[PDB]
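Working through the structure, step by step
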Amino acid sequence: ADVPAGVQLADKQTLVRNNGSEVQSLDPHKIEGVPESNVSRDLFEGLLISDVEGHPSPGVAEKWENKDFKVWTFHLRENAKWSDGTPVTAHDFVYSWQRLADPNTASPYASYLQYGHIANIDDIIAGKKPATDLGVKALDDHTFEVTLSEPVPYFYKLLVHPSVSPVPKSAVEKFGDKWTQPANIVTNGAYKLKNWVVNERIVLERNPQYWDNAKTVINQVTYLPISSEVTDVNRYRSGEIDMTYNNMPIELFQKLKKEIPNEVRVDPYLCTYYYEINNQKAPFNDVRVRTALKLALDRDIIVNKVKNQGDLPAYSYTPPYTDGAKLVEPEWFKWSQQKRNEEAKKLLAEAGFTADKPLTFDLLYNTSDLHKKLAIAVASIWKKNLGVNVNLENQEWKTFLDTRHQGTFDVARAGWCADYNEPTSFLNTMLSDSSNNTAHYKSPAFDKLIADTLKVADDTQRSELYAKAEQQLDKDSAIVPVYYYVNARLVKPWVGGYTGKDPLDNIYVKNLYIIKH
Ligand SMILES: [U]
Ligand SMILES: [U]
Ligand SMILES: [U]
Ligand SMILES: [U]
Ligand SMILES: [U]
Ligand SMILES: [U]
Ligand SMILES: [U]
Ligand SMILES: [U]
């Protein structure tokens, strides 16, 4: 943290943050969500980190160079250490990125290395080459060199993600899946794990071996797993929670904006809320049905009337304000809702649905006040505008993610937040073989449009190709875009160092501080 001149700090430097739900894991190679990455950034630090405003900045690597955007060399600071005191080395990153790539690890983010195009990744994922062939090598203890199969000008932007953070080989090998217990874990970020009580709390304590430890101010942070946004707001207002999670409840938000204006932080956020359709399950493998659902949902009612927290009605998957996005707004979005509704009823009648045999399916969502109120409003809107019946089902976060990967579903509530600020951070997730593709969408046309993007060395040509990729997705109605999020949460007046300028919301508790109050 960089504490402004003249601010007076509290004696006690502890922080309580709500984290949305129980993390899937603390293993950087087994995680894929916001809750999971919130905690991962305090414990594991990769090559680069985001600074307080979100810019890619020195992490373990103090400086780096590239040759033709294909060979990237990272110079690792000499005093980077793990919490047990041993040095963080380039060999740590070699082993880690090989473990990420290895199909035996089954990482949900194994495709992150395809997105950066590291050499040999495709064969590695397919089991044709061992993970030791991955295009990474430690030139020495403080030098990590990455070789890509094609130029990737924005490659270094990928490197703040938890999936490319280092893991400690010796703890992993000795303890297997219990390497992350508090008695066994070893960490290299600003914090260390103190306690982990499932469905109760995660407590982190300063890591004195962290290379930037002298600038760390908060000595302890607890992460809570409260999925009820109403409860999170209540425990914030009672004094227990210093920072809510960034999902706000429909029950209380309008009241909050008028009662505590200064605590309600509302900032840009590169995340899209949508209903993910399982594209390989009938009748959702029929474009007419996916299109009807997309068109009959009334975004103005949901975004401006039922939620009304600043979100913007969505017509695409990649948010239009992503760096590099120049999207074409489709004609259906400018129509009236009436005109969308006829076309949608038309398409279902054409798909063979009638009043006597209507379209009935499940709408799965992760337990949450917000998602349940949005799902009920969407069910009612779909019933009224299209005559479809929906059976709502909630599941806890971890289970919800497994279901989506299994494909044991019809439609699911969904949100994707960028990992790096470039359109391929969204678009790559719809690639046929993407480990992140829970829409189970497979389009040879979509895949080729994206493959073409690194075969041109022109930003305009690249942006036009992303725009066409979004058009292919929309044409196929892969998903139901609902709104582009705003980052809305409550933050106590004494929590300093949260700017709201990072559109990725990559917060590091080592950058925060408690003001005397
Ligand atoms: U005190
Ligand atoms: U650039
Ligand atoms: U940029
Ligand atoms: U179903
Ligand atoms: U509620
Ligand atoms: U460029
Ligand atoms: U106080
Ligand atoms: U106090």
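Method of determination for the deposited model, per the PDB record: X-ray crystallography, at 2.0 Å resolution.

**Considerations on the overall build of the protein**
Along the backbone of the protein there are 17 helices and 18 strands. Rg of the C-alpha trace for the protein: 23 Å, near the compact-globule value of 24 Å for 517 residues, within the 12% margin. C-alpha atoms of the protein, sized along the principal axes, occupy 70 × 55 × 40 Å. Looking at the protein residue by residue over its 517 residues, the buried ones come to 59%. Restricting to contacts in the protein with at least 6 residues of sequence separation, those with at least 24 account for 69%. Accessible surface for the protein amounts to roughly 20,200 Å². Of this, 50% is attributable to carbon and sulfur atoms.

**A look at the state of the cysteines**
For the coordinates displayed, the defined rule picks out one disulfide. With a sulfur-sulfur separation of 2.0 Å, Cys-271 is cross-linked through a disulfide to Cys-417. The disulfide joining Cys-271 to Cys-417 has a torsion of about 110 degrees about its S-S bond and is therefore right-handed. Taken together, the residues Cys-271 in strand 11 (residues 264-277) and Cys-417 in strand 15 (residues 411-417) connect sequence positions 146 residues apart.

**Quick word on the nonpolar core**
Nonpolar side chains in soluble globular proteins tend to end up buried together. Within the largest apolar cluster, 93 residues are counted, with the highest numbers of intra-cluster contacts made by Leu-47, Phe-74, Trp-97, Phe-144, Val-146 and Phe-155. Looking at which element gives the most residues to this core, the answer is helix 2 (residues 90-101), with seven residues. Sequence-distant contacts of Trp-97, that is, excluding residues within four places in its chain, are made with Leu-47, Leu-113, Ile-118, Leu-134, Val-136, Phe-144, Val-146, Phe-155, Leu-159 and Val-164. In terms of nonpolar packing, the next biggest core, distinct from the first, is built from 42 residues, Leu-363, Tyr-365, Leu-386 and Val-390 among them.

**Re the packing of aromatic side chains**
A ring pair, where both rings are aromatic, is described by two values, the distance of the centres and the angle of the planes. Under the defined criterion, the tally for this structure stands at 28 aromatic pairs. Seen in terms of ring centroids, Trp-332 and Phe-333 are 5.8 Å apart; in terms of plane orientation they differ by 85 degrees. Their pairing is edge-to-face. Pairwise contacts between aromatic rings join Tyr-269, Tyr-273, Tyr-275, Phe-284, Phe-361, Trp-382, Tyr-483 and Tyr-485 into one cluster. Residue placement shows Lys-492 over the ring face of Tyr-236; its charged tip is 4.3 Å from the ring centre.

**As for helix 13 (residues 369-386)**
For an α-helix, 3.6 residues make a turn, and residues three or four places apart therefore share a direction. The first and last C-alpha atoms of helix 13 sit 25 Å apart over 18 residues, in line with the 26 Å expected at 1.5 Å per residue. For helix 13, every residue scored as buried is listed here: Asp-369, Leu-370, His-371, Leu-374, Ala-375, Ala-377, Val-378, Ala-379, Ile-381, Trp-382, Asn-385 and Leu-386. N-capping of helix 13 is provided by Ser-368, with a side-chain oxygen placed 3.1 Å from the backbone N of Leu-370. A positive backbone phi angle near 70 degrees is found at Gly-387, which sits one or two residues after helix 13.

**Here we look at the sheet that holds strand 11**
The strand order across the open sheet built from six strands is 12-16-11-15-13-14, with neighbouring strands paired in mixed fashion. A single partner strand is all that each edge strand has here, and the edge strands are strand 12 (312-313) and strand 14 (389-395).

**Quick notes on the domain arrangement of the protein**
Taken domain by domain, the protein holds domain 1 (1-44 + 169-270 + 487-517), domain 2 (45-168) and domain 3 (271-486). On a C-alpha basis, the centroid separation for the pair domain 2 and domain 3 is 32 Å. Contact with domain 2, which involves 18 residues of that partner, is made by 18 residues of domain 3. The three residues of domain 2 that bury the most area against domain 3 are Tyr-115, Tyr-154 and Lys-157, which together make up 44% of that side's buried surface. Applying the counting rule to domain 2 against domain 3 returns two salt bridges. Here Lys-157 ties to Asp-323 by a salt bridge, and the two come within 3.9 Å at their closest N and O atoms. At the surface where domain 2 touches domain 3, the tally comes to 12 residue pairs in polar contact. When contributions to the side of domain 2 that touches domain 3 are tallied by element, the ones reaching two or more residues are helix 3 (112-115) and helix 5 (155-158). Examining the composition of the side of domain 2 that touches domain 3, we find that three residues originate from one element, helix 3, more than from any other. Across the side of domain 2 that touches domain 3, the residue classes tally to 11 nonpolar, five polar and two charged.

**Considering helix 9 (residues 287-296)**
Most of helix 9 sits out of view: eight of its 10 residues are buried. Taken as a whole, helix 9 has its buried residues at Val-289, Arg-290, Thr-291, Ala-292, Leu-293, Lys-294, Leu-295 and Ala-296.

**Considerations on the sheet that holds strand 10 (residues 220-224)**
The four strands are arranged 1-10-9-8 in an open sheet whose pairing can be described as mixed. The sheet terminates laterally at strand 1 (14-18) and strand 8 (191-197), the two strands that pair on one side only. Sheet twist, expressed as the average angle between the axes of neighbouring strands with direction ignored, equals 20 degrees. By the bridge criterion, four bridges tie strand 9 (residues 201-206) to strand 10 in an arrangement that is antiparallel. Note that in strand 10 the partner of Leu-204 across the bridge is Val-221.

**Let's talk about the environment of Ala-377**
Looking at the secondary structure, you find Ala-377 in helix 13. On the accessibility criterion, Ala-377 (17% relative accessible area) is buried. For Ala-377 and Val-306, which are 71 residues apart along the polypeptide, the C-alpha to C-alpha distance reads 7.7 Å.

**Points about the environment of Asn-188**
For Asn-188, the location among the structural elements is in the loop between helix 6 (169-175) and strand 8. Spatially, the C-alpha atom of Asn-188 lies 9.0 Å from that of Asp-84, the residues being 104 residues apart in sequence. Not counting residues up to four positions away in its chain, the partners in contact with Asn-188 are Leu-43, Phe-44, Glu-45, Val-60, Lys-81, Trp-82, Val-88, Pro-166, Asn-207 and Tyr-210. At 2.8 Å, the side chain of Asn-188 and the backbone nitrogen of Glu-45 are in polar contact.

About the thresholds
- Residues numbered from 1 in each chain as written, not as in the entry; some residues may be left out.
- Chains lettered and ligands numbered in written order.
- Heavy atoms only, no water.
- Helix = DSSP H or I, 4+ residues; strand = E, 2+ residues; numbered from the N terminus.
- Rg over C-alpha atoms; globule rule 2.2 N^0.38 Å.
- Buried < 20%, exposed > 50% of the residue type's maximum accessible area, 1.4 Å probe, protein only.
- Contact = heavy atoms within 4.5 Å.
- Areas by Shrake-Rupley, 256 points an atom, 1.4 Å probe, with all protein chains shown as cover.
- Disulfide = S-S within 2.5 Å.
- Core = buried A, V, L, I, M, F, W, Y, C linked by side-chain atoms within 4.5 Å.
- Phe/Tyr/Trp six-rings, centres within 6.5 Å; stacked < 30°, edge-to-face > 60°.
- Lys NZ or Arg CZ within 6 Å of the ring centre and 35° of its normal.
- Expected span 1.5 Å × (residues − 1).
- Polar contact = N/O pair within 3.5 Å; in protein donor to acceptor, adjacent residues only side chain to side chain.
- Pairing = 2+ DSSP bridges.
- Domains from an automatic or database assignment.
- Buried area = accessible area lost by both parts, 1.4 Å probe.
- Salt bridge = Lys/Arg side-chain N within 4 Å of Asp/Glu carboxyl O.
- Nonpolar A, V, L, I, M, F, W, Y, C, P; charged D, E, K, R; others polar.
- Axes fitted to C-alpha atoms, helices over the stretch in contact; angles between N-to-C directions.

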